[PDB]
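Asker: Just so it is clear, I am handing over upload.cif, which has mmCIF, N, CA and C atoms.
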data_input
loop_
_atom_site.label_atom_id
_atom_site.label_comp_id
_atom_site.auth_asym_id
_atom_site.auth_seq_id
_atom_site.Cartn_x
_atom_site.Cartn_y
_atom_site.Cartn_z
N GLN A 23 22.58 -5.20 -2.86
CA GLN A 23 23.10 -4.14 -3.70
C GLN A 23 22.77 -2.80 -3.06
N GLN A 24 23.85 -2.00 -2.83
CA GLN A 24 23.67 -0.68 -2.25
C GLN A 24 23.09 -0.82 -0.82
N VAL A 25 23.05 0.32 -0.11
CA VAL A 25 22.48 0.30 1.23
C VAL A 25 20.95 0.21 1.13
N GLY A 26 20.38 -0.70 1.95
CA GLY A 26 18.94 -0.92 1.91
C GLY A 26 18.52 -1.33 0.49
N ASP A 27 17.41 -0.71 0.03
CA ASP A 27 16.93 -1.02 -1.31
C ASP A 27 15.61 -0.28 -1.58
N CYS A 28 15.69 0.66 -2.54
CA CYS A 28 14.53 1.48 -2.88
C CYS A 28 14.59 1.90 -4.36
N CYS A 29 13.39 2.26 -4.89
CA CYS A 29 13.28 2.64 -6.30
C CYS A 29 12.08 3.57 -6.50
N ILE A 30 12.13 4.34 -7.60
CA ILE A 30 11.06 5.27 -7.91
C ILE A 30 10.16 4.66 -9.00
N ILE A 31 8.86 4.64 -8.65
CA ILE A 31 7.81 4.12 -9.51
C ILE A 31 6.92 5.29 -9.95
N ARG A 32 6.28 5.05 -11.10
CA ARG A 32 5.39 5.99 -11.76
C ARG A 32 3.95 5.49 -11.51
N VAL A 33 3.06 6.39 -11.03
CA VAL A 33 1.67 6.04 -10.70
C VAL A 33 0.67 6.99 -11.39
N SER A 34 -0.14 6.38 -12.29
CA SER A 34 -1.24 7.04 -12.98
C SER A 34 -2.52 6.54 -12.37
N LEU A 35 -3.57 7.36 -12.57
CA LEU A 35 -4.89 6.89 -12.14
C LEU A 35 -5.61 6.13 -13.27
N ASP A 36 -6.68 5.43 -12.82
CA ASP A 36 -7.60 4.69 -13.68
C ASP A 36 -8.49 5.60 -14.54
N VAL A 37 -7.82 6.26 -15.51
CA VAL A 37 -8.49 7.27 -16.31
C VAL A 37 -8.76 6.64 -17.66
N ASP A 38 -7.70 6.66 -18.51
CA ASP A 38 -7.78 6.17 -19.87
C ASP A 38 -6.52 6.60 -20.65
N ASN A 39 -6.50 7.92 -20.95
CA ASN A 39 -5.42 8.53 -21.70
C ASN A 39 -4.44 9.14 -20.69
N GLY A 40 -3.31 9.66 -21.23
CA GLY A 40 -2.30 10.35 -20.43
C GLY A 40 -2.94 11.35 -19.45
N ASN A 41 -2.23 11.55 -18.32
CA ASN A 41 -2.82 12.35 -17.26
C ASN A 41 -1.70 12.99 -16.44
N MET A 42 -2.01 13.17 -15.15
CA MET A 42 -1.05 13.61 -14.16
C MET A 42 -0.44 12.35 -13.54
N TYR A 43 0.51 11.81 -14.34
CA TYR A 43 1.38 10.75 -13.87
C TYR A 43 2.29 11.28 -12.74
N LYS A 44 2.09 10.68 -11.56
CA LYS A 44 2.84 11.04 -10.36
C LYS A 44 3.98 10.05 -10.16
N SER A 45 4.96 10.45 -9.32
CA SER A 45 6.12 9.60 -9.08
C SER A 45 6.43 9.55 -7.59
N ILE A 46 6.84 8.37 -7.10
CA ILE A 46 7.01 8.14 -5.67
C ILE A 46 8.09 7.07 -5.48
N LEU A 47 8.69 7.06 -4.27
CA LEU A 47 9.74 6.10 -3.95
C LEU A 47 9.18 4.98 -3.06
N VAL A 48 9.67 3.76 -3.33
CA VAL A 48 9.23 2.53 -2.70
C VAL A 48 10.44 1.85 -2.05
N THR A 49 10.24 1.30 -0.84
CA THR A 49 11.33 0.71 -0.06
C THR A 49 11.06 -0.77 0.08
N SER A 50 12.01 -1.68 0.21
CA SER A 50 11.78 -3.13 0.35
C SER A 50 10.40 -3.60 0.92
N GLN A 51 10.02 -3.05 2.11
CA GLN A 51 8.81 -3.47 2.81
C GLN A 51 7.50 -2.86 2.29
N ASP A 52 7.68 -1.88 1.38
CA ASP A 52 6.66 -1.20 0.59
C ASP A 52 5.45 -2.08 0.31
N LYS A 53 4.38 -1.70 0.99
CA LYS A 53 3.19 -2.51 0.88
C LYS A 53 2.34 -1.84 -0.19
N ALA A 54 1.49 -2.68 -0.82
CA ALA A 54 0.46 -2.15 -1.70
C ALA A 54 -0.27 -0.93 -1.11
N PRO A 55 -0.90 -1.04 0.09
CA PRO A 55 -1.66 0.04 0.71
C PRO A 55 -0.80 1.25 1.14
N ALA A 56 0.54 1.04 1.09
CA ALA A 56 1.49 2.09 1.43
C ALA A 56 1.76 2.99 0.22
N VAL A 57 2.12 2.30 -0.88
CA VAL A 57 2.30 2.93 -2.17
C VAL A 57 1.06 3.74 -2.58
N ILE A 58 -0.11 3.21 -2.17
CA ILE A 58 -1.36 3.86 -2.47
C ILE A 58 -1.56 5.09 -1.59
N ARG A 59 -1.07 5.01 -0.33
CA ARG A 59 -1.20 6.16 0.55
C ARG A 59 -0.48 7.39 -0.02
N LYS A 60 0.69 7.10 -0.63
CA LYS A 60 1.52 8.13 -1.20
C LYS A 60 0.87 8.71 -2.47
N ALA A 61 0.54 7.75 -3.37
CA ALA A 61 -0.04 8.03 -4.67
C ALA A 61 -1.38 8.80 -4.56
N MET A 62 -2.12 8.47 -3.48
CA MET A 62 -3.42 9.03 -3.20
C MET A 62 -3.32 10.47 -2.71
N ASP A 63 -2.51 10.64 -1.64
CA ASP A 63 -2.21 11.95 -1.08
C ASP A 63 -1.75 12.95 -2.17
N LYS A 64 -1.07 12.35 -3.17
CA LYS A 64 -0.57 13.06 -4.32
C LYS A 64 -1.69 13.55 -5.24
N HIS A 65 -2.64 12.62 -5.47
CA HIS A 65 -3.76 12.88 -6.35
C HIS A 65 -4.93 13.59 -5.66
N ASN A 66 -4.79 13.82 -4.33
CA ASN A 66 -5.80 14.57 -3.59
C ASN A 66 -7.18 13.88 -3.66
N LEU A 67 -7.15 12.54 -3.43
CA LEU A 67 -8.35 11.71 -3.55
C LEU A 67 -8.72 11.06 -2.23
N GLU A 68 -8.69 11.93 -1.20
CA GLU A 68 -9.04 11.53 0.15
C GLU A 68 -10.48 11.04 0.31
N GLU A 69 -11.30 11.38 -0.72
CA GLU A 69 -12.68 10.93 -0.85
C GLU A 69 -12.88 9.45 -0.46
N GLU A 70 -11.81 8.66 -0.74
CA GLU A 70 -11.80 7.24 -0.45
C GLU A 70 -10.46 6.89 0.22
N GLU A 71 -10.44 5.63 0.69
CA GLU A 71 -9.32 5.06 1.42
C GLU A 71 -8.36 4.36 0.47
N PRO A 72 -7.18 3.94 0.98
CA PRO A 72 -6.19 3.24 0.16
C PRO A 72 -6.60 1.81 -0.18
N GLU A 73 -7.24 1.22 0.85
CA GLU A 73 -7.75 -0.13 0.82
C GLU A 73 -8.74 -0.37 -0.34
N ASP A 74 -9.35 0.76 -0.78
CA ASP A 74 -10.32 0.72 -1.85
C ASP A 74 -9.69 0.97 -3.23
N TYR A 75 -8.39 0.61 -3.35
CA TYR A 75 -7.66 0.89 -4.57
C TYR A 75 -6.63 -0.22 -4.84
N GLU A 76 -6.73 -0.78 -6.07
CA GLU A 76 -5.81 -1.79 -6.57
C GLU A 76 -4.52 -1.15 -7.06
N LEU A 77 -3.42 -1.92 -6.81
CA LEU A 77 -2.14 -1.54 -7.38
C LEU A 77 -1.83 -2.45 -8.56
N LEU A 78 -1.65 -1.82 -9.74
CA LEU A 78 -1.48 -2.58 -10.96
C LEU A 78 -0.18 -2.15 -11.58
N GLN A 79 0.61 -3.11 -12.08
CA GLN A 79 1.83 -2.73 -12.76
C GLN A 79 1.65 -2.95 -14.26
N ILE A 80 2.12 -1.98 -15.06
CA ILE A 80 1.96 -2.10 -16.50
C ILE A 80 3.29 -2.54 -17.07
N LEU A 81 3.16 -3.62 -17.88
CA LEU A 81 4.31 -4.26 -18.49
C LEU A 81 4.37 -3.92 -19.98
N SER A 82 3.49 -4.63 -20.72
CA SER A 82 3.36 -4.42 -22.15
C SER A 82 2.27 -3.37 -22.34
N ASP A 83 2.03 -3.04 -23.62
CA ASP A 83 0.99 -2.08 -24.01
C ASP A 83 -0.42 -2.71 -23.99
N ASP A 84 -0.72 -3.46 -22.89
CA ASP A 84 -1.95 -4.24 -22.78
C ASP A 84 -1.89 -5.20 -21.58
N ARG A 85 -0.65 -5.66 -21.31
CA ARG A 85 -0.41 -6.62 -20.25
C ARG A 85 -0.12 -5.88 -18.95
N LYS A 86 -1.07 -6.06 -18.02
CA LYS A 86 -0.99 -5.46 -16.70
C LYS A 86 -0.92 -6.59 -15.66
N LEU A 87 -0.43 -6.19 -14.47
CA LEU A 87 -0.19 -7.07 -13.34
C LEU A 87 -0.88 -6.46 -12.13
N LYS A 88 -1.05 -7.33 -11.10
CA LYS A 88 -1.74 -6.93 -9.88
C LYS A 88 -0.88 -7.28 -8.67
N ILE A 89 -0.83 -6.30 -7.74
CA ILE A 89 -0.03 -6.42 -6.54
C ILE A 89 -0.99 -6.54 -5.34
N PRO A 90 -0.76 -7.62 -4.51
CA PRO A 90 -1.52 -7.86 -3.29
C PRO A 90 -1.12 -6.83 -2.23
N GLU A 91 -1.94 -6.81 -1.15
CA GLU A 91 -1.83 -5.84 -0.08
C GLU A 91 -0.44 -5.79 0.62
N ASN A 92 0.37 -6.85 0.50
CA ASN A 92 1.63 -6.83 1.26
C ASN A 92 2.81 -7.30 0.45
N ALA A 93 2.53 -7.60 -0.84
CA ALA A 93 3.62 -7.92 -1.73
C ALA A 93 4.56 -6.72 -1.77
N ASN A 94 5.75 -6.97 -1.20
CA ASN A 94 6.86 -6.05 -1.29
C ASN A 94 6.95 -5.53 -2.73
N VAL A 95 6.43 -4.31 -2.97
CA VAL A 95 6.46 -3.75 -4.31
C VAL A 95 7.85 -3.96 -4.96
N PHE A 96 8.92 -3.61 -4.24
CA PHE A 96 10.27 -3.76 -4.77
C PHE A 96 10.57 -5.17 -5.38
N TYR A 97 9.85 -6.17 -4.83
CA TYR A 97 9.96 -7.58 -5.20
C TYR A 97 8.70 -8.21 -5.86
N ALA A 98 7.63 -7.41 -6.09
CA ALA A 98 6.39 -7.95 -6.63
C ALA A 98 6.03 -7.39 -8.01
N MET A 99 7.04 -6.79 -8.64
CA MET A 99 6.83 -6.10 -9.90
C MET A 99 7.64 -6.85 -10.96
N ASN A 100 7.14 -6.79 -12.20
CA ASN A 100 7.83 -7.34 -13.34
C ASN A 100 9.07 -6.46 -13.63
N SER A 101 10.22 -7.04 -13.26
CA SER A 101 11.51 -6.38 -13.45
C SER A 101 11.81 -6.14 -14.94
N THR A 102 11.51 -7.19 -15.74
CA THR A 102 11.72 -7.20 -17.19
C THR A 102 10.98 -6.07 -17.94
N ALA A 103 10.03 -5.45 -17.21
CA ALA A 103 9.21 -4.38 -17.74
C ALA A 103 9.74 -3.06 -17.18
N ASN A 104 8.79 -2.13 -17.03
CA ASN A 104 9.04 -0.79 -16.55
C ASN A 104 8.26 -0.60 -15.24
N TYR A 105 8.72 0.39 -14.44
CA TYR A 105 8.12 0.64 -13.14
C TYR A 105 6.86 1.53 -13.25
N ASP A 106 5.90 1.09 -14.09
CA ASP A 106 4.70 1.87 -14.32
C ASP A 106 3.59 1.20 -13.52
N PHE A 107 2.79 2.04 -12.84
CA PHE A 107 1.84 1.57 -11.84
C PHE A 107 0.53 2.35 -12.06
N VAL A 108 -0.60 1.63 -11.99
CA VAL A 108 -1.93 2.21 -12.08
C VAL A 108 -2.59 2.02 -10.72
N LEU A 109 -3.29 3.10 -10.34
CA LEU A 109 -4.07 3.13 -9.13
C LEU A 109 -5.54 3.09 -9.55
N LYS A 110 -6.14 1.91 -9.30
CA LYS A 110 -7.51 1.68 -9.74
C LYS A 110 -8.39 1.55 -8.52
N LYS A 111 -9.66 1.97 -8.64
CA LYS A 111 -10.57 1.85 -7.52
C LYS A 111 -11.19 0.45 -7.57
N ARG A 112 -11.56 -0.05 -6.37
CA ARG A 112 -12.18 -1.36 -6.28
C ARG A 112 -13.69 -1.29 -6.54
N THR A 113 -14.00 -0.64 -7.67
CA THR A 113 -15.36 -0.47 -8.14
C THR A 113 -15.90 -1.88 -8.47
N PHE A 114 -17.23 -1.93 -8.66
CA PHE A 114 -17.97 -3.15 -9.04
C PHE A 114 -17.58 -3.74 -10.41
N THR A 115 -16.31 -4.18 -10.52
CA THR A 115 -15.80 -4.57 -11.82
C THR A 115 -14.65 -5.53 -11.60
#
Take the structure in the file and give it back as structure tokens.

Answerer:
Amino acid sequence: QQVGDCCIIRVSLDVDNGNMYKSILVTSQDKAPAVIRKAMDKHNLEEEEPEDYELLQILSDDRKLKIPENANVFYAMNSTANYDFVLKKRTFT
């Protein structure tokens, strides 16, 4: 469908309540650590690396999903849901 294949996802940080929800475009080969590079540069959180951050997709108002380091975001997200993404740190949890 269409030339290539890309979409815009919404990325919030691991905060709690509403925040500075950022938005970025993802392409077929879009890797977890890639989406994070964008989302991170956006949030000015160079303090840490991309590798130290989980990519989570939010489906329901409680049901979240997890994206591996190379799962083509375009193909690793719950389509039936919304393109909402959380950037979480790989803290001791």

Asker: Please report the interatomic distance between atom CA of residue A:114 and atom CA of residue A:74 in Å with one decimal.

Answerer: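 Atom CA of residue A:74 lies at a distance of 11.2 Å from atom CA of residue A:114.
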
Asker: What does the PyMOL selection byres ((chain A and resi 24-34) around 8) select in this file, as number ranges by chain?

Answerer: A: 23, 35-37, 40-51, 61, 96, 104-110

Asker: Determine which residues of chain A DSSP labels as alpha helix (DSSP H) from the backbone of this structure, then write them out as a list in words.

Answerer: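 Selection result, alpha helix (DSSP H) within chain A: residues 54, 55, 56, 57, 58, 59, 60, 61, 62, 63, 64, 65, 95, 96, 97 and 98 of chain A.
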
Asker: Rank A:85, A:75, A:80, A:64 by their smallest atom-to-atom distance to residue A:103, using all atoms listed in the file, and report the top residue only.

Answerer: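 Smallest separation from residue A:103 among the options: A:80.
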
Asker: Care to translate the PyMOL selection byres (((chain A and resi 90-95 and name CA) around 7) and name CA) into actual residues of this file, as a VMD selection string?

Answerer: chain A and resid 50 to 55 88 to 89 96 to 99
